[PDB]
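Here is the structure we will look at.
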Amino acid sequence: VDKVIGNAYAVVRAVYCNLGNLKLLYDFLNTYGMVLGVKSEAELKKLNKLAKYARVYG
Amino acid sequence: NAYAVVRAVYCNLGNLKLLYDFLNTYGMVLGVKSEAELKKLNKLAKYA
Amino acid sequence: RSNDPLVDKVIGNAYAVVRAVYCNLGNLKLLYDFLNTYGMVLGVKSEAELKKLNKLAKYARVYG
Amino acid sequence: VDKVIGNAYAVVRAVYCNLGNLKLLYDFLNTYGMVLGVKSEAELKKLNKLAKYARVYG
Amino acid sequence: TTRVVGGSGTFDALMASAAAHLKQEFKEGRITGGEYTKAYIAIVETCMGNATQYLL
Amino acid sequence: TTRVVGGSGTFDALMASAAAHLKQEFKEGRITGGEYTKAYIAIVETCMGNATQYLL
Amino acid sequence: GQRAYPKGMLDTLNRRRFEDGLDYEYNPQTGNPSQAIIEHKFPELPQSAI
Amino acid sequence: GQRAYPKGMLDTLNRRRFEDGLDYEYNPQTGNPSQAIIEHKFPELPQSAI
Amino acid sequence: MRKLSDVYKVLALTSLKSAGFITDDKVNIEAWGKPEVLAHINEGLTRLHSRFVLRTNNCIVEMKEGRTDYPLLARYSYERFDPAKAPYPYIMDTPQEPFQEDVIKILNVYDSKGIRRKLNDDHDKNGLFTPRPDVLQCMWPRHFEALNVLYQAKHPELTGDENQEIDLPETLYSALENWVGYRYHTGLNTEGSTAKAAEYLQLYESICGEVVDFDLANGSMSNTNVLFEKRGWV
Amino acid sequence: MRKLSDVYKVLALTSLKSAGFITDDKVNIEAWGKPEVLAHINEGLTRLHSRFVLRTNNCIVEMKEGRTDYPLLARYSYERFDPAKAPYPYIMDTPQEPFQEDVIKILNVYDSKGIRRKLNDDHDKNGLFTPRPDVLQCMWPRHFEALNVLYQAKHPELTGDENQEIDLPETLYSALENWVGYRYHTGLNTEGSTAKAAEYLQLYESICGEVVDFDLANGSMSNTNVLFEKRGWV
Amino acid sequence: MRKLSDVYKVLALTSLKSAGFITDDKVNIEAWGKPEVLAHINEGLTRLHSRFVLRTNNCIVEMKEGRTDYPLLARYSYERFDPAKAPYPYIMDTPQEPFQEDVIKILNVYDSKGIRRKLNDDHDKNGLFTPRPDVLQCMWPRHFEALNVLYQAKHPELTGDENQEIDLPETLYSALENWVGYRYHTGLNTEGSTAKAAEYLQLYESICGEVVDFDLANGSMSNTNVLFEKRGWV
Amino acid sequence: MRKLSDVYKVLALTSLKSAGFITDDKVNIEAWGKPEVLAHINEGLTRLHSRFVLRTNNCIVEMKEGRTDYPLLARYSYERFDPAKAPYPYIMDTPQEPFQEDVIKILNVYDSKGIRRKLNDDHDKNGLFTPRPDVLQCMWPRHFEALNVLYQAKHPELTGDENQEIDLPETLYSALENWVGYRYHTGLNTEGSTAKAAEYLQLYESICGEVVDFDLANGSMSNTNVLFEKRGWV
């Protein structure tokens, strides 16, 4: 439906109201060390900044 | 929405041209293996 | 109440293709209906896809 | 008869309302491999992009 | 003067060298056609005077 | 004059040295293109007169 | 009722608009379409006759 | 009721504003939008006819 | 209706008399300045055919379904169809009188039924807008239609053939010469020639003013007041 | 609809006749001053297409969610999408008539539903402000929308190809020449050439005045008074 | 939206044609006068962006407690924070569109709540005075506030890069050239060049007058009379 | 907010282009005429800051018992106290913004209690007379008082440092250059230079007239009519 407060502002507000849940997810990612799997070196280079441990499936 | 209908037709213009050409190019080989049903083919059916 | 200028703006020169299709909806429907009767030979790559055919397959030609 | 919504717009709308049937026809052409007959090389060169198999009746 | 433009005299040589020194501008802009001709015409007095001085 | 700009005569040398002495300004501002050409054109009388004096 | 248009004020189709009721556009440099474009009327009866 | 706009006073869209009721902006150098932009009216009946 | 060959001669004796390219017999123009003079006559007629309504012509424009914008060029005509730049022809011209791409202003367009359609009327279905002077935008291409488009016209382009006949009133030839003289004398960039160009150009206006001060070009118009009976007014 | 090649020739015979770069056949312009002349024609058409309403064109602008400012440049179009300077394309043009970045003034914008939206109306929700001439600020990008933007247009940029066709009324070619002559003759900075530039520039106004004094560029406008019935007035 | 590289070329062919620094190909400007020309274009755009309302931009200004005077410079912005001359950043700009220090006149400022605050109103609490054109004096920095400041803007400063794009209407390029010509020709202090500078400067006004006599720069304004219903007047 | 170093360069390219002291790189001014140019910029800003109200500043003046005449000089301030010429400091300025002796006209002075005191009112106890523009004569130095004196201000004096930033509107830089050119060219006493000085000075008025004809310096003023409710008039 066509929102009165603006179509994109509704999306922005919806994301805003869910920041707390996203804050919990970000915290759990940041504090608990994570090991992830990667196909190649290019994808490994393209990892996020909180990824401490990785595994390259050759 | 006139614009939606016109845009939906326009974005599929190439596929429409392909379908129309295939209808005009119609030359699919039909297997009969029998003269009776081969004689009972439609007027547009070439190649058998 | 005429939306023809929109067609001229968007599908102006290539309107012949749309008109040719429109004149042939009956022919296209007949072609599709005959196509569903599977009264033809179908090209297949390798024996593997030969099994992958409709219960109404009537001829097939395998390449390789 | 002379349409009020425009003569060409009526044709465009009529084609539009039948896109689903044309979608089924296009899908059947695309997925089921098709072999077609051709008279010469010029006509063979003038084949569509979904025609995988052909036959040149010399 | 040989009574012909671009001749084998001294008046012709001087009068066809001044024009060949002004056409270097006219063919590179910096003057319109009208200005070039006016300069060329107002040189005949100078060229004729200096041609006689050189010849004799 | 050799009937060509920048020739091997005396009129050409003087007339192609005055232009090479005014182009030092035109290429450094201080005069527009139009002013430079006007100065160059009004020198032909002087150069032709002084070339004959030098030659003879 | 004999309108007298000045020669040059109203161009072509700008006099056809005028003679049809539609709003027109006139050339300002020619004059004013209230003192030019004269609508001739009945003369004024002299007081002498009465 | 045949308005006669001078040719040059009201530019494009400044005459569309005028013919819609909205306030317009006119070029001063052309004239005055009270003596130009003539609103033609009925002529004055001569006293002679009456 | 004079010929371009005669115009060359009459130009060589009155306006371009001191011109360089005048041949030794004084009654013709040399073959090196003829492109120049021809490019001045063509502009001269265009200006004269623009101020005065000298050539009013109508060319019918058939309706092709799916096309609303109808440029009135010569590439879309029938006898001059250009398949490289036009998909289908829709103008109609006879072989003896082909379309000459000579539309300056479009004045009044009727229909195939006799119904007049207004021009540039925002609130007027049944109105043919012109988005650019030599175009036409019919918003409803009905079946079996056509449009007799009465338009102001210019003289057909003078290619250069010395047997092409020129359509100008005999009284306006003293103004075409005074415009060729202006264009020619103003390009020499000399003080003497420039001052003559102004005299020739101003004389062009003077003759073009005497032609409009005596109705020699059919500029004055009178029509029956058909509006009177329609608005009531018994 | 002449070609740039023909414009070069007609310029070489009337306006730039005494110019230096005129070739030996007098019917063409040398290959060293052509960039200069082409840069004068392009400016010449821009001025002529600015005063008169010569080319009125409309380009539809689809709505992309999250974007309110909608510059009408060519980098945002469909056929000329430039991924380096545009995130997504939102204008719509056909391959035969691509967007040419030729917006001078925006005049009237409709919608996908037929509702006219006012321009520059401070107190008017449903109004598209233009913060700069070639932009558009819709404050509510509703779903399934588009905007047919009727705007004043300039002639598409002349790249330099001698086969590009020029859209100018035939009666206004005597004013384009008088503006090329002005631009060319005014740069030489010589007393003789400068005095000729003023004459050519003033003649540009005189011809541009005769075109507007005879409605040869479609400047006069008449419309039906639809306001009358709305305000009451039975 | 042309580029500074193209502006150099178009300047070299029309206005600065007789200038000394014109290179041998005539289609560019030598590398010794480019700082001079660039310093003339920057002034040229500033004048053009001052008379006409060509670029209306708004930059929000967050409230920092204890600060009432809020200069709208670029040193106080977020993306261009200068710790040496600004204690804290309070303007807000995105990386793609940073603040360019381009405020000429401040026109209308709203709030974070939607309440319009008057400008320069002596008897008006809730009024933002501007003690100097590029400043702002809010007398009550309330909590959680901001100010969308609609202001007249100038073109962002042209550093000198030949790939920076110039935001000018296509119809006003014939006036930017006539102002660069004025600035350049008036500095030579020669009688011939000075007399040409006056002609180029006067032509700047003539073109800047034709742009305002045809509403090509969006100068005419019409608004709904909202005052009517407020003062009563049923 | 440009710098004096940049002003030197922009002056060297537009106004003082033919000046002798222009260095070989053409983008700077030699170190022998810089005192001269700096003495012209300082006068230039003073004139510009005098006509227009460009810098409105207020400096509070504490009351010292026994002193009625309160000159608003910099020797009496706090951060610039000069014990040799001032007995005690009574103006108040912060180290970051010291008093710059930049009072042109005093406009409106309030008190420490909020009571506005009239200026130059013969019959008005509670009135601060100014016996000379940069002074103040309070006739009753009450206890615990101060005076926020809103005054027209000039640009702080340019000492000569090439890192001092100049507070001028970007639209008025084309008038500061035309005044430096006037002052410089009028001192040479040569016929050619004097005639150029008049042109530069007259252009100063023309630009200073366009700035006031478009409200680019905030000259127009509107205020709420608070007098209405006070005089009765229910």
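Here's how to read the names in the structure tokens: chain A, B, ... by the order shown, residue numbers from 1 in each chain, ligand numbers from 1 in the order shown.
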
Checklist entry - What lies within 9 Å of residue F:22 using only C-alpha atoms, ignoring chain neighbours under 3 positions off, as a PyMOL selection string? => result chain F and resi 17-19+25-27+36+39-40

Residue selection dump (N, CA and C atoms) as a JSON list (two decimals), in the first residue's frame:
```json
[["chain", "number", "residue", "atom", "x", "y", "z"],
["F", 17, "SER", "N", 61.47, 39.89, -39.42],
["F", 17, "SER", "CA", 62.06, 40.16, -38.12],
["F", 17, "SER", "C", 61.24, 41.14, -37.31],
["F", 18, "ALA", "N", 60.56, 42.09, -37.96],
["F", 18, "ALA", "CA", 59.63, 42.96, -37.24],
["F", 18, "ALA", "C", 58.45, 42.16, -36.71],
["F", 19, "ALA", "N", 57.93, 41.22, -37.51],
["F", 19, "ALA", "CA", 56.85, 40.36, -37.03],
["F", 19, "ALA", "C", 57.33, 39.43, -35.93],
["F", 25, "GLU", "N", 55.38, 40.10, -28.01],
["F", 25, "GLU", "CA", 54.33, 40.67, -27.18],
["F", 25, "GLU", "C", 53.04, 39.86, -27.29],
["F", 26, "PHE", "N", 52.56, 39.65, -28.52],
["F", 26, "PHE", "CA", 51.29, 38.97, -28.74],
["F", 26, "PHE", "C", 51.21, 37.63, -28.03],
["F", 27, "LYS", "N", 52.33, 36.91, -27.97],
["F", 27, "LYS", "CA", 52.36, 35.62, -27.29],
["F", 27, "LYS", "C", 52.57, 35.74, -25.79],
["F", 36, "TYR", "N", 48.08, 43.29, -32.92],
["F", 36, "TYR", "CA", 49.36, 42.82, -33.44],
["F", 36, "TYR", "C", 49.39, 42.87, -34.96],
["F", 39, "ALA", "N", 49.70, 46.43, -36.37],
["F", 39, "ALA", "CA", 51.08, 46.90, -36.29],
["F", 39, "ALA", "C", 51.93, 46.26, -37.38],
["F", 40, "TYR", "N", 51.74, 44.96, -37.61],
["F", 40, "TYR", "CA", 52.52, 44.25, -38.62],
["F", 40, "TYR", "C", 52.26, 44.81, -40.02]]
```

Checklist entry - Just asking: which residues within chain D are strand (DSSP E or B) according to DSSP, as an NGL selection string? => result :D and (34-38 or 53-56)

Suppose we keep C-alpha atoms; can you now write the selection as an mmCIF file, in the first residue's frame?
```cif
data_model
loop_
_atom_site.group_PDB
_atom_site.id
_atom_site.type_symbol
_atom_site.label_atom_id
_atom_site.label_comp_id
_atom_site.auth_asym_id
_atom_site.auth_seq_id
_atom_site.Cartn_x
_atom_site.Cartn_y
_atom_site.Cartn_z
ATOM 1 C CA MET D 34 13.452 -28.371 -30.747
ATOM 2 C CA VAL D 35 14.684 -29.572 -34.129
ATOM 3 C CA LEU D 36 13.560 -27.589 -37.175
ATOM 4 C CA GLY D 37 13.859 -27.882 -40.942
ATOM 5 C CA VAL D 38 15.616 -25.328 -43.137
ATOM 6 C CA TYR D 53 18.962 -28.351 -33.402
ATOM 7 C CA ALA D 54 18.299 -27.896 -37.142
ATOM 8 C CA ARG D 55 18.060 -29.870 -40.444
ATOM 9 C CA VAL D 56 19.009 -28.393 -43.871
#
```

With chain J held fixed, move chain K onto it by a least-squares fit of all C-alpha atoms in order and give the output as a CSV table (one decimal) with C-alpha atoms, in the first residue's frame.
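Wrote it out as part.csv, contents follow:
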```csv
chain,number,residue,atom,x,y,z
K,1,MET,CA,15.5,20.0,-42.5
K,2,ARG,CA,19.0,20.8,-43.8
K,3,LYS,CA,22.2,19.1,-43.0
K,4,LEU,CA,25.3,20.5,-41.3
K,5,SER,CA,27.3,20.0,-44.5
K,6,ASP,CA,24.8,22.3,-46.3
K,7,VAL,CA,25.0,24.8,-43.4
K,8,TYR,CA,28.8,25.0,-43.9
K,9,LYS,CA,28.3,25.8,-47.5
K,10,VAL,CA,25.6,28.4,-47.0
K,11,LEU,CA,27.6,30.0,-44.3
K,12,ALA,CA,30.6,30.2,-46.6
K,13,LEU,CA,28.7,32.2,-49.2
K,14,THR,CA,26.7,34.7,-47.1
K,15,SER,CA,28.1,35.4,-43.6
K,16,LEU,CA,31.7,34.0,-43.6
K,17,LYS,CA,32.5,35.1,-47.1
K,18,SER,CA,35.6,37.2,-46.3
K,19,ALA,CA,36.8,34.8,-43.7
K,20,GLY,CA,40.2,33.3,-44.1
K,21,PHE,CA,39.4,29.6,-43.8
K,22,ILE,CA,37.2,29.8,-46.9
K,23,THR,CA,38.5,27.1,-49.3
K,24,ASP,CA,39.6,27.8,-52.9
K,25,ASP,CA,36.3,26.6,-54.3
K,26,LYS,CA,34.5,29.2,-52.1
K,27,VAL,CA,31.8,26.6,-51.4
K,28,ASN,CA,33.2,25.1,-48.2
K,29,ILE,CA,35.1,25.8,-45.0
K,30,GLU,CA,38.7,24.6,-44.4
K,31,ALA,CA,39.3,21.9,-41.8
K,32,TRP,CA,41.1,24.2,-39.4
K,33,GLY,CA,38.2,26.5,-38.6
K,34,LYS,CA,35.4,24.0,-38.6
K,35,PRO,CA,35.6,23.4,-34.8
K,36,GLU,CA,35.2,27.2,-34.5
K,37,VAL,CA,32.2,27.4,-36.8
K,38,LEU,CA,30.6,24.3,-35.2
K,39,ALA,CA,31.0,25.9,-31.8
K,40,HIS,CA,29.2,29.0,-33.2
K,41,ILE,CA,26.3,27.1,-34.8
K,42,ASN,CA,25.7,25.2,-31.5
K,43,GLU,CA,25.5,28.4,-29.6
K,44,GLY,CA,23.4,29.9,-32.3
K,45,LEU,CA,20.7,27.3,-32.2
K,46,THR,CA,20.7,27.4,-28.4
K,47,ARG,CA,19.9,31.1,-28.4
K,48,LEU,CA,17.2,30.7,-31.1
K,49,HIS,CA,15.7,27.7,-29.3
K,50,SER,CA,15.6,29.7,-26.1
K,51,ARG,CA,13.7,32.9,-27.1
K,52,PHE,CA,11.1,31.1,-29.3
K,53,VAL,CA,9.3,27.9,-28.3
K,54,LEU,CA,10.7,25.9,-31.3
K,55,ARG,CA,11.0,22.4,-29.9
K,56,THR,CA,8.5,21.2,-27.2
K,57,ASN,CA,9.4,17.7,-26.1
K,58,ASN,CA,8.3,15.4,-23.2
K,59,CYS,CA,10.4,12.7,-21.5
K,60,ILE,CA,8.7,10.4,-19.0
K,61,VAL,CA,10.5,10.0,-15.7
K,62,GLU,CA,9.8,6.8,-13.7
K,63,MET,CA,9.8,6.9,-9.9
K,64,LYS,CA,12.5,5.0,-8.0
K,65,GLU,CA,11.8,4.5,-4.3
K,66,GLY,CA,14.1,6.5,-2.0
K,67,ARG,CA,14.9,9.1,-4.7
K,68,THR,CA,13.2,12.5,-4.6
K,69,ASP,CA,15.6,14.7,-6.5
K,70,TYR,CA,15.4,13.6,-10.2
K,71,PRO,CA,17.9,15.4,-12.4
K,72,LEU,CA,16.9,15.2,-16.1
K,73,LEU,CA,20.4,14.5,-17.4
K,74,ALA,CA,21.4,11.9,-20.0
K,75,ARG,CA,23.4,9.8,-17.5
K,76,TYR,CA,20.2,8.7,-15.8
K,77,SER,CA,18.4,7.6,-19.0
K,78,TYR,CA,17.9,4.0,-20.1
K,79,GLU,CA,19.6,3.9,-23.5
K,80,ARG,CA,22.5,6.1,-22.3
K,81,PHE,CA,22.9,4.7,-18.8
K,82,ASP,CA,26.3,5.6,-17.3
K,83,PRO,CA,27.0,3.2,-14.4
K,84,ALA,CA,29.9,5.3,-13.3
K,85,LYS,CA,27.8,8.4,-12.5
K,86,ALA,CA,24.3,7.0,-12.0
K,87,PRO,CA,23.1,4.3,-9.6
K,88,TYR,CA,20.0,3.3,-11.5
K,89,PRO,CA,18.3,4.5,-14.7
K,90,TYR,CA,14.9,6.2,-14.3
K,91,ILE,CA,14.2,8.2,-17.5
K,92,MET,CA,12.6,6.2,-20.4
K,93,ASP,CA,13.7,6.6,-24.0
K,94,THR,CA,13.5,4.5,-27.1
K,95,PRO,CA,16.6,3.5,-29.1
K,96,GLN,CA,15.5,5.6,-32.1
K,97,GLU,CA,14.9,8.7,-29.9
K,98,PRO,CA,17.3,8.7,-26.9
K,99,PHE,CA,17.4,11.5,-24.4
K,100,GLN,CA,19.7,14.2,-25.7
K,101,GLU,CA,20.2,16.3,-22.5
K,102,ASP,CA,18.3,19.2,-24.1
K,103,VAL,CA,16.1,20.7,-21.3
K,104,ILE,CA,16.0,24.5,-21.2
K,105,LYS,CA,12.8,25.1,-19.2
K,106,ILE,CA,10.3,22.7,-17.8
K,107,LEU,CA,6.7,23.8,-18.6
K,108,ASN,CA,4.1,21.2,-17.5
K,109,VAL,CA,4.3,17.8,-16.0
K,110,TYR,CA,1.5,15.2,-15.8
K,111,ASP,CA,1.4,11.9,-14.0
K,112,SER,CA,0.8,8.2,-14.7
K,113,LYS,CA,-2.9,8.7,-13.5
K,114,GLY,CA,-3.6,11.9,-15.5
K,115,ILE,CA,-3.4,14.3,-12.5
K,116,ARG,CA,-1.5,17.5,-13.3
K,117,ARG,CA,0.9,18.5,-10.6
K,118,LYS,CA,1.7,22.2,-10.1
K,119,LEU,CA,5.3,23.5,-10.4
K,120,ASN,CA,7.0,25.7,-7.7
K,121,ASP,CA,3.9,25.9,-5.5
K,122,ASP,CA,5.1,26.4,-1.8
K,123,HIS,CA,1.7,25.5,-0.3
K,124,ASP,CA,0.8,22.6,-2.6
K,125,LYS,CA,1.4,18.9,-1.6
K,126,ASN,CA,1.3,17.1,-5.0
K,127,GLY,CA,3.7,19.7,-6.3
K,128,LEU,CA,7.0,19.1,-8.1
K,129,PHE,CA,9.5,21.7,-7.2
K,130,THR,CA,12.5,22.3,-9.5
K,131,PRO,CA,15.5,23.3,-7.3
K,132,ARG,CA,17.6,23.9,-10.5
K,133,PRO,CA,16.3,24.2,-14.1
K,134,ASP,CA,17.4,20.7,-15.2
K,135,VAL,CA,16.2,18.9,-12.0
K,136,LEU,CA,12.9,17.8,-10.4
K,137,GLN,CA,12.0,17.4,-6.7
K,138,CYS,CA,9.0,15.1,-6.2
K,139,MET,CA,8.3,15.0,-2.5
K,140,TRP,CA,6.3,11.7,-2.5
K,141,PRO,CA,7.5,9.0,-4.9
K,142,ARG,CA,4.3,6.9,-4.9
K,143,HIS,CA,4.2,3.4,-6.2
K,144,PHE,CA,3.8,2.8,-9.9
K,145,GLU,CA,4.3,6.4,-11.0
K,146,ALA,CA,5.8,8.3,-13.9
K,147,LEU,CA,5.9,11.9,-15.1
K,148,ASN,CA,5.4,13.1,-18.7
K,149,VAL,CA,7.4,16.4,-18.4
K,150,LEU,CA,6.6,18.8,-21.2
K,151,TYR,CA,9.6,21.1,-21.5
K,152,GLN,CA,11.2,23.6,-23.8
K,153,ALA,CA,14.0,22.0,-25.7
K,154,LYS,CA,17.2,23.0,-27.5
K,155,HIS,CA,18.5,21.4,-30.7
K,156,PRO,CA,20.5,18.2,-30.0
K,157,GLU,CA,24.2,18.9,-29.7
K,158,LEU,CA,26.0,19.0,-33.1
K,159,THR,CA,29.0,16.7,-32.6
K,160,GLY,CA,30.6,17.6,-35.8
K,161,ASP,CA,29.4,14.9,-38.2
K,162,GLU,CA,28.6,16.4,-41.6
K,163,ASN,CA,25.5,14.2,-42.0
K,164,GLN,CA,23.6,15.4,-38.9
K,165,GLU,CA,20.3,17.1,-39.8
K,166,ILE,CA,19.4,20.5,-38.3
K,167,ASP,CA,15.9,21.3,-37.1
K,168,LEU,CA,15.4,25.0,-37.8
K,169,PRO,CA,12.5,26.8,-39.5
K,170,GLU,CA,13.5,27.9,-43.0
K,171,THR,CA,12.6,31.5,-42.2
K,172,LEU,CA,15.1,31.7,-39.3
K,173,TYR,CA,18.2,30.6,-41.3
K,174,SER,CA,18.8,34.3,-42.1
K,175,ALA,CA,19.2,34.9,-38.3
K,176,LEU,CA,21.5,31.9,-37.6
K,177,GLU,CA,23.9,33.2,-40.2
K,178,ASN,CA,23.8,36.7,-38.7
K,179,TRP,CA,24.8,35.2,-35.3
K,180,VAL,CA,27.6,33.1,-36.6
K,181,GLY,CA,28.9,36.2,-38.3
K,182,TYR,CA,28.7,38.1,-35.1
K,183,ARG,CA,30.6,35.5,-33.0
K,184,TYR,CA,33.3,35.1,-35.7
K,185,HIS,CA,33.9,38.8,-36.5
K,186,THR,CA,33.9,40.0,-32.9
K,187,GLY,CA,36.8,37.8,-31.9
K,188,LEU,CA,39.4,39.2,-34.3
K,189,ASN,CA,39.7,42.4,-32.1
K,190,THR,CA,40.2,44.6,-35.2
K,191,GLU,CA,38.4,47.8,-35.7
K,192,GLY,CA,37.1,46.9,-39.1
K,193,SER,CA,35.9,43.4,-38.0
K,194,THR,CA,34.4,44.6,-34.7
K,195,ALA,CA,32.2,47.2,-36.5
K,196,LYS,CA,30.9,44.5,-38.8
K,197,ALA,CA,30.1,42.2,-35.8
K,198,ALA,CA,27.7,44.8,-34.4
K,199,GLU,CA,25.9,45.1,-37.8
K,200,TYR,CA,25.5,41.3,-37.9
K,201,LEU,CA,24.4,41.1,-34.3
K,202,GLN,CA,21.8,43.9,-34.7
K,203,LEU,CA,20.5,42.2,-37.9
K,204,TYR,CA,20.0,39.1,-35.8
K,205,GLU,CA,17.6,41.0,-33.6
K,206,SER,CA,15.8,42.5,-36.6
K,207,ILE,CA,15.2,39.1,-38.2
K,208,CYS,CA,14.3,37.7,-34.8
K,209,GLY,CA,11.8,40.5,-34.5
K,210,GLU,CA,10.2,40.0,-37.9
K,211,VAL,CA,9.7,36.3,-37.0
K,212,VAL,CA,7.9,37.3,-33.8
K,213,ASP,CA,5.9,40.1,-35.6
K,214,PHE,CA,4.4,37.6,-38.0
K,215,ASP,CA,4.0,34.5,-35.8
K,216,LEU,CA,6.4,32.4,-37.9
K,217,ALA,CA,7.7,30.6,-34.8
K,218,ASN,CA,4.3,29.9,-33.2
K,219,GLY,CA,4.5,32.3,-30.3
K,220,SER,CA,1.0,33.6,-30.1
K,221,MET,CA,-1.3,31.4,-28.0
K,222,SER,CA,-5.1,31.2,-27.6
K,223,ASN,CA,-6.9,28.8,-25.3
K,224,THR,CA,-10.5,28.1,-24.3
K,225,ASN,CA,-11.5,29.9,-21.1
K,226,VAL,CA,-12.2,26.8,-19.0
K,227,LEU,CA,-11.9,28.9,-15.9
K,228,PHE,CA,-15.2,30.6,-16.6
K,229,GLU,CA,-17.5,27.6,-16.0
K,230,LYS,CA,-15.6,26.5,-12.9
K,231,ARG,CA,-15.9,29.7,-10.9
K,232,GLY,CA,-19.7,29.6,-11.2
K,233,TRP,CA,-21.0,32.0,-13.8
K,234,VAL,CA,-23.9,30.1,-15.2
```

Checklist entry - Which residues, written as a list in words, have at least one atom at most 12 Å from residue H:50, with only C-alpha atoms counted and residues fewer than 2 positions away on the same chain left out? => result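 Returned residues: residues 42, 43, 44 and 45 of chain G; 44, 45, 46, 47 and 48 of chain H.
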
Using only C-alpha atoms, select each residue of chain B with any atom at most 8 Å away from an atom of chain C, and give the selection as a short mmCIF file (atom, residue, chain, number, x, y, z; two decimals) with N, CA, C and O atoms, in the first residue's frame.
```cif
data_model
loop_
_atom_site.label_atom_id
_atom_site.label_comp_id
_atom_site.auth_asym_id
_atom_site.auth_seq_id
_atom_site.Cartn_x
_atom_site.Cartn_y
_atom_site.Cartn_z
N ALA B 2 -2.11 2.88 -18.10
CA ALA B 2 -1.72 2.71 -19.49
C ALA B 2 -0.22 2.50 -19.62
O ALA B 2 0.23 1.66 -20.42
N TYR B 3 0.57 3.26 -18.86
CA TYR B 3 2.02 3.12 -18.93
C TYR B 3 2.49 1.74 -18.53
O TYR B 3 3.41 1.20 -19.15
N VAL B 6 1.74 -0.64 -21.49
CA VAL B 6 2.61 -0.38 -22.63
C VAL B 6 4.04 -0.81 -22.33
O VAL B 6 4.71 -1.40 -23.18
N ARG B 7 4.53 -0.54 -21.12
CA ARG B 7 5.88 -0.95 -20.75
C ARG B 7 6.00 -2.47 -20.68
O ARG B 7 7.03 -3.03 -21.09
N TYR B 10 6.30 -3.58 -24.17
CA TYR B 10 7.54 -3.15 -24.81
C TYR B 10 8.74 -3.96 -24.32
O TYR B 10 9.61 -4.32 -25.11
N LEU B 13 9.18 -7.12 -26.26
CA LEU B 13 9.05 -6.94 -27.70
C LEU B 13 9.89 -7.96 -28.47
O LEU B 13 9.43 -8.52 -29.47
N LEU B 16 8.22 -11.33 -28.44
CA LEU B 16 7.08 -11.31 -29.35
C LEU B 16 7.54 -11.46 -30.79
O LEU B 16 6.94 -12.22 -31.57
N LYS B 17 8.60 -10.75 -31.17
CA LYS B 17 9.13 -10.88 -32.52
C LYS B 17 9.64 -12.29 -32.77
O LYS B 17 9.43 -12.85 -33.86
N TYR B 20 6.58 -14.57 -33.28
CA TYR B 20 5.96 -14.34 -34.59
C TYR B 20 6.81 -14.90 -35.72
O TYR B 20 6.28 -15.51 -36.65
N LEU B 23 6.46 -18.65 -35.77
CA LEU B 23 5.20 -18.99 -36.41
C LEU B 23 5.31 -18.88 -37.93
O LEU B 23 4.81 -19.76 -38.65
N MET B 28 8.70 -27.34 -38.38
CA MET B 28 8.99 -28.49 -37.52
C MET B 28 8.68 -29.79 -38.25
O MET B 28 7.62 -29.96 -38.85
N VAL B 29 9.63 -30.72 -38.18
CA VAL B 29 9.51 -32.01 -38.84
C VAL B 29 8.59 -32.89 -38.00
O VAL B 29 8.82 -33.09 -36.80
N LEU B 30 7.53 -33.40 -38.62
CA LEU B 30 6.56 -34.23 -37.93
C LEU B 30 6.72 -35.68 -38.36
O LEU B 30 6.83 -35.99 -39.55
N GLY B 31 6.75 -36.58 -37.37
CA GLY B 31 6.90 -37.99 -37.64
C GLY B 31 5.55 -38.67 -37.77
O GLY B 31 4.70 -38.60 -36.88
#
```

Checklist entry - atom CA of residue C:5 and atom CA of residue D:9, how far apart in Å? => result 8.8 Å

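Coordinates place atom CA of residue C:64 at a distance of 12.4 Å from atom CA of residue C:50.
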
Checklist outcome for this item: Expressed in Å, the length from atom CA of residue A:12 to atom CA of residue A:29 is 23.2 Å
